[PDB]
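Okay, so here's the structure we're looking at.
By written order: A, B, C, D, E, F, G, H, I, J and K. Residues from 1 in each chain.
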Amino acid sequence: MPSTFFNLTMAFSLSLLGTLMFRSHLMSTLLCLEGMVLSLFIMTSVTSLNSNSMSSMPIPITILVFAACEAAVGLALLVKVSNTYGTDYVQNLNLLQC
Amino acid sequence: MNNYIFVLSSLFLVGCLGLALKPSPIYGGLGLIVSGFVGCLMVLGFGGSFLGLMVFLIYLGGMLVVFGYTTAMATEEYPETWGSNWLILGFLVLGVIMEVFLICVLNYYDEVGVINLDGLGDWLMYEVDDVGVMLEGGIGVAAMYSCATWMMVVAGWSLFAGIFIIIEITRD
Amino acid sequence: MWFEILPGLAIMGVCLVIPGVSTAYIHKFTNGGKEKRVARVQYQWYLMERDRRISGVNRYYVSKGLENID
Amino acid sequence: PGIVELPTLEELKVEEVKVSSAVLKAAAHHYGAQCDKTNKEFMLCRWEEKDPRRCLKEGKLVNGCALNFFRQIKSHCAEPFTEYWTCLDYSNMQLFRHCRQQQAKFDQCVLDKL
Amino acid sequence: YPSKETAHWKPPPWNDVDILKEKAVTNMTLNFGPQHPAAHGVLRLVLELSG
Amino acid sequence: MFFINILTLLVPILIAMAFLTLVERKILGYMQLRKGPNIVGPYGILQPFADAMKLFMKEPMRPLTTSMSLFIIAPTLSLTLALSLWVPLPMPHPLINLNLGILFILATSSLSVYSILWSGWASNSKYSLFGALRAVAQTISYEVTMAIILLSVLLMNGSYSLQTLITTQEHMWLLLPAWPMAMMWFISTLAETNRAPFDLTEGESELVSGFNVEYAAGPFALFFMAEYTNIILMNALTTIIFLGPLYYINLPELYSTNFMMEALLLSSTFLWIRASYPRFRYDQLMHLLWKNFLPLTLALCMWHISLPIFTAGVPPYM
Amino acid sequence: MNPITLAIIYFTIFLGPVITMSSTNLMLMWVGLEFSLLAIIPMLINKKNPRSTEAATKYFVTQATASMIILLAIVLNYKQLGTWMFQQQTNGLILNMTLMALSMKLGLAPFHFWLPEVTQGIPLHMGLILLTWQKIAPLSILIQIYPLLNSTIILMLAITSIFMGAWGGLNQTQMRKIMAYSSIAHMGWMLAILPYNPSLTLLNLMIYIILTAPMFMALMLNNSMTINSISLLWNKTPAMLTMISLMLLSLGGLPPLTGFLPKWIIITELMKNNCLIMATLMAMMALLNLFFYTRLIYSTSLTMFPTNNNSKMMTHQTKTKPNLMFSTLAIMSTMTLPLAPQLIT
Amino acid sequence: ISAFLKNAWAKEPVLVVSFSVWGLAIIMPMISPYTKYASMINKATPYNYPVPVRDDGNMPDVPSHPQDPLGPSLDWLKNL
Amino acid sequence: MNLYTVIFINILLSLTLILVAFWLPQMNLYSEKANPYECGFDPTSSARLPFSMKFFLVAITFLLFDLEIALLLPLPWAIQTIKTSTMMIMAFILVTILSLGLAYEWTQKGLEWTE
Amino acid sequence: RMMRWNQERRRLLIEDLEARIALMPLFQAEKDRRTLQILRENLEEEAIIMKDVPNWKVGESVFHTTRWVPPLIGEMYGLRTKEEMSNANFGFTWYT
Amino acid sequence: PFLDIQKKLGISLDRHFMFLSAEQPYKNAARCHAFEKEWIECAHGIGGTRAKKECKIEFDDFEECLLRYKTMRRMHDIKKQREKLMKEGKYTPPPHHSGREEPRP
């Protein structure tokens, strides 16, 4: 249990590190976000099964629901970005410097 | 045995690391599928199956859509892999080595409440009801319909609104 | 004519029958002339472990009746 | 800080049943009406005290009553009960709906002789 | 206030609409033949695709 | 003993895939006024072995534009899953009794698509990519209705286990109460396999071979046998869920026999359909599954949610 | 945009923070935050221009990261002490990462680099929402756990927000970024006092809201987005210069205007806890905040920049705006200090 | 309107059936006399142990034995 | 353990087949053979360029529908509950809201492909 | 037909569960007695070991309450072998 | 809490399943149920400032039931000493600790 939770926390931290340290592509950052969601879902399910608290299992499924909605709107924004610039690069949305 | 769940968690960690290194979203979705498979395995190893199969199906659909999208928006002439860039491969190997170091030095200097290589496999399923009939995980997730009705309307409205919202965003 | 097709159909039918009969006969041969006990809930698994223990050899299908209560 | 007391290996010794599960499932519906008193005393004593150490002699009495039940069986109606639980051990789940012709012989036997 | 960094900076548009470099179409070109069964054997049919 | 059971479940499935290719060819021939293989062996019972041996004797291709890792992984995974979907099947006794067997099936099937996706992407050819995107569309189309059909059926079974359907159908098929759901499930299994009229992933008339166009003898054989195995698998699923073989605990052999008869019928029907119809356009598949099957599927899901209640016919939990 | 879509989206925006406020469980606070940031985006990108798309991206990514961090905090506080809502017996690391993520969302410094841009790229009625209605739910969270927040971190964050807001809005020509930096500074104030007294951060929030909403209304009257544009008000809507000047001087924190009340009653409650230095610096830099409001007053009302030959047309025509709420709020945002005892407690 | 329903039943019968089944699913529970029995059955199942109570001597309505004629009978479910 | 056994057996079967397919036959490799296939002629470009997607909205919608399926799947258990009216009502509301979202998409022409 | 069959199945479930009810007391007694036996064995051996280490109390609890805290798998099956331990964890998840 | 609407209308949307000691499906019980119950009952009516000092014993018993750091330390020390003994040949596990046991019942 403790080693499992330590490793899942380290994994969340790695995915957060990826999300913070951008590269050219945006979808990679969206995927890192989904990986954080995965880590958290797994941690919550493991905790609820270790505690035998079957009243908290409805929580991780909601986590997944909202994470996937976030992913959907992210993909839509990605579509718009590609339509505008032809690519999902981040170095192109730098005109709001004024 | 006894090293089973730890190996699962380590594979999940490596998958998430190779994901965070941000190769072409193709291999990133691959790593995410693998990490979801490992998460399913570990959730099953802790007692619950419904949640594991669920998350697996969900992320499979998601990575299907993500493949469809990256082949249209997030592609390149020469897509990058973990091996393509010497620097990325080096930091990947470095991360594996650093995980090894952290584990082997915490076992030594730290207490056993985090990582106990000696004593592994002893703390997975602390307590259980040996005479039990109604312990499946789906009972909790079905509580949504009877007891936790609030989470259900919340999620359903999230999805409704999401439909309307994605339509409005994609309007040209 | 159309009856020149029955050879392949019969071959594939035999090949599709073999798995189930094999599984059943093997389960009987390995679980003491009985159907492999199903553990859908923890109660059945508890029963099976009880049987395993009380049986002189650790095997759940060695049923011990009234010969073992006096 | 404080010590935790535990009975001694002899304080918790009984005449165990050592009888399988299909047999218990066969005899349960009759073992419920004939040992309800002691079974329920033990189990109430269990939920009320929440300690498996305070409620032990009741469990020994439970074992004794079960042994007496199965002896009343083994004396009068060993063979019908044998047929019943042998038929009932075959299923992968030990179902009753597969051994109804033997259940009736067992129940008639007991209705008559006990 | 001007700096060596904010020299190239241009005042934004009055309607938040930016004259943008017209990114030309990239239409996938495909040799539908020959050797393609639909193509009756000697047709090449170079065509452009958006999807 | 368990390894011997693995063999008795695996090698017959592959022999059946081979002779299914045979029966496919011969049935389509006789429908097309021709014979089909009769030369290689007596009535052609050696053509599959000839094909397979010849393929595994050919030079495979390691192109210059391909991602060899995925190019090689994809067929491995295809075949692996095609063979793994057969383990939890009760005939009438399964090799692996899973409570959530239906979900195992669903997930493994939804995973078998990534073989096609990664193959078509790795190959790095335009027709391969087209086949991959068509597979994406096909899955996005059918996967929504699959699970809801299956849930609506299971709401009278009481669980996701494949062995409670046997006691559920102990008296009467599940086709009578669910023949609409059975029809939709039949067509959706027809799509899950990339089988006509939904042979769009390898549509020879638009895409020379789709995701196979760069693949060669051995890996191609793996793909092909995975397809022709999943065919039998989905037929077995239809005939365990909606059609019910006779289960008498003292006679599982009759159960296996009738299961096989019905599976043969459904597979021959797949071949019949390949022979009888043209091919869809992969947008029309989406329109179908999202405008005729999904609305009706939701209506029937609600109907079968209510039916156990205003009938007091809620199933049991074990 | 059709009325059904508008209904769903605005109802969702409204509902989001309500769930957060009215909920005991942290997970439902999280889903409320998510409703908010999922429904607000289409209202940003509605105009469908590159600036709107990139504003939407910069907003979505930031808020999603912050939400994932808050979710990690909740999940750790669940793994520990087996409950959902926080308690006195909870790890300070958890509490402080939660505070950091809530700041990230709110847009406090040094987590502010995204708010000026996201506000410059979108229309004004959304900047209003963004800066007023979307800063509540986070503040609700912070007000339910104020006894547990570290004072060092919030105070560093607050002085940083003050300094950066001042220095940033000091050299801005676009008005939307000026309002963004004003939000940053006033949120620094709101947060500097939260652990000591959260009944005062709510006061400062109410006042900042009733102050910025009519400013945004003024800007929306002539769709004014620059200093040079508002310089033309003396020819287009000279009846607005008085209220504009008063609201600006109040935002800056000048007596006898009720924008000085938050500053004053926060400095007081801070020195009741011996925070002399923090309050001192905060005030001395709120002065700098006032400076550019004063330069703007110059540009708009206290002198008359050149106009154009075409504004004569706008003079010819009539106008239906503003509504009744502008005058109400602009009066209750400058001429209500005499009622301070009623406002403070 | 009948002509509209008719031309829809001819052209787009799938949506007609969908709405009809939707309405019937929503209605029939309000109609049947066997609806009350669902919860009664799901309540009759002893998924847990029937923890007994202490005989304070003031429980006349409560039985001393399973086969004591007192408590809820399941005849309504034995002949249904 | 048996599931692991069977699945690994299948892995090994597939890998053996691939090994004996890559090492048994005689090979003769050269560039004109290993080059991509575009119907007899040379590709005009790489297949790694943006291949526009015309059903992106339908895929996004498929995500949310998959989640609604995930929420519908616990019914086999939710029907074993005493509070049956609540389960009935919630399931009906869920399916109805799902259908209404689908209908709005349909009408606003989301299920139709960009051309 | 499905209505009728599912009703009879519910009745059969009642029957099976009533049998389980009739048997649960015996199983509870046996389980409690067996857990106490295992714990006493582990106590005797913890006393043999830890005999000379300084400042060690054999049966000392990690709790300040004196009520019975039901032990957990690690304790019950800690001194025993590794197979007897893995069975308690993965025995039922890794089916019969 | 910030807007106690529930406590006003007298409903429960999110508060009946917060902690482990709440009503679970089919009257099961999450582990550490009694410890959590006692902690909550001690912390009732006095505030979180007092509870951090007066329900400290109970909260610590809860923390130990749930996380079990001390049982872990204890069993680890026992195994370590036993390994030392076996290493230097001063111990032999009894039969019931080496598989060979009397498997009651």
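Everything that follows uses one rule, which is that a residue touches a chain if its C-beta (ideal position, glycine included) is under 8 Å from a C-beta of that chain, and two chains touch if they have at least 3 such contacts.
J.: When you take the mean of every protein CA atom shown, which chain's own CA mean is nearest to it?
T.: B
J.: B-C or E-I: which has the larger count of contacting C-beta pairs?
T.: When the contacts at B-C and E-I are counted, E-I has more.
J.: Centroid from C-alpha atoms only, then distance subunit B to subunit F, rounded to Å. What do you get?
T.: Distance between chain centres: 28 Å.
J.: So what's the Cα centroid distance for subunit E and subunit J, whole Å?
T.: Distance between chain centres, rounded to whole Å: 68 Å.
J.: Determine the centre-to-centre distance between subunit H and subunit J, using the mean Cα coordinates as centres, and give it in whole Å.
T.: Subunit H and subunit J have C-alpha centres separated by 37 Å.
J.: If you average the CA atoms of subunit F and of subunit J, how far apart do the two points sit, in angstrom?
T.: So the centre of subunit F lies 44 Å away from the centre of subunit J.
J.: Would you pick out the residues of subunit G that each touch at least 2 other chains?
T.: 4, 28, 31, 34, 38, 41, 45, 48, 50-51, 82, 120-121, 173-174
J.: For subunit E, what residues touch not just one other chain but two or more?
T.: Where subunit E meets two or more other chains at a single residue, that happens at 11-12, 18, 20, 26, 28, 30, 35-36.
J.: I need the residues of subunit B touching at least two other chains; which ones are they?
T.: Touching at least two other chains: 47, 50, 54, 57-58, 61-62, 64-65, 68-69, 71-73, 112-113, 116, 122-131, 133-136, 139-141, 143-144, 147-148, 150-151, 154-155, 157-160, 162, 164-167, 169-170, 172.
J.: For a test of understanding, state which residues of subunit F touch subunit B in their complex under the given definition.
T.: On the subunit F side, the touching residues are 67, 99-100, 103-104, 106-107, 110-111, 113-114, 117-118, 121, 129, 132-133, 136, 139-140, 143, 317-318.
J.: Which residues of subunit H touch subunit D in the complex?
T.: 49, 51-54, 65-67
J.: Using the touch definition from the top, list the residues of subunit B that touch subunit A in their complex.
T.: It comes out as residues 5-6, 8-10, 12-13, 16-17, 19-25, 28-29, 32, 35-36, 39, 42-43, 46-48, 51-52, 54-55, 58-59, 62, 65-66, 69-70, 72-74, 95, 99, 112-116, 120, 123-127, 129, 135, 137, 139-141, 143-144, 147-148, 151, 154-155, 158-159, 162, 165-166, 169-170, 172.
J.: For a test of understanding, state which residues of subunit J touch subunit K in their complex under the given definition.
T.: 30, 33-34, 37, 41, 45-46, 48-50, 53, 62-65, 67, 69, 72, 74-75, 78-81, 83-84
J.: Which positions of subunit K touch subunit G when the two form their complex?
T.: Against subunit G, the touching part of subunit K is residues 1-6, 13-15, 18-20, 30, 32, 36, 48-49, 51-52, 59, 62-63, 66-67.
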